[PDB]
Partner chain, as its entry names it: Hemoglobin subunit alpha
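Here we start with a single chain on its own, the form deposited without the partner chain, put down as structure tokens.
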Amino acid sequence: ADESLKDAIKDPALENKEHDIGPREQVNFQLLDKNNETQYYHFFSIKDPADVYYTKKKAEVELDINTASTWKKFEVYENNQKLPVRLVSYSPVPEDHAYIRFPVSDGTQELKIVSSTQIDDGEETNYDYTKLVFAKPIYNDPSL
């Protein structure tokens, strides 16, 4: 029952919450467009490497979105299951930053992000298929 990142970032509880409690790690991500093409000059939305909040049940990756005001939808899917990415915190317009997190079992290292952003520049950025291969496999720590 997810919604639109543009109509969800407007919340008082997710306007400035401390999205950093418990354990956490750093995981980069490989951006590819069905052509193994890594665009290292398009850092307009994401900025730092995806984070990994390993909990007691399953691992929890995290990705900050600078242009949260440009995101409209989002349906990441790996193998054959679209994980419902949710939101944990989002900075207000002046800060423009949305925080989303999703579980990743089996050391998931590749997921097809599905979303479409628009900045009123010219056309519409529709990511029909975004191959994001994590820098490493995300394996939860049931024993640590």
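Residue numbers count along the first chain shown, from 1.
Just so you know, the form deposited with the partner chain bound exists too; it's not on screen, but the next bit is about it.
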Should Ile119 be counted as a contact of the partner chain in the deposited complex, where contact means heavy atoms within 4.5 Å? yes
In the deposited complex, does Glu95 come within 4.5 Å of the partner chain, counting heavy atoms only? yes
Contact test in the deposited complex: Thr67 vs the partner chain, heavy atoms, 4.5 Å: yes
Would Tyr53 sit within 4.5 Å of the partner chain in the deposited complex, counting heavy atoms only? no
Students should find that, of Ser115, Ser89, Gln109, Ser45, the residue having a non-hydrogen atom no more than 4.5 angstroms from the partner chain in the deposited complex is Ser45
Could you tell me which stretch in 101 to 109, 75 to 83, 53 to 61, 37 to 45 has residues with non-hydrogen atoms within 4.5 Å of the partner chain in the deposited complex? 37 to 45
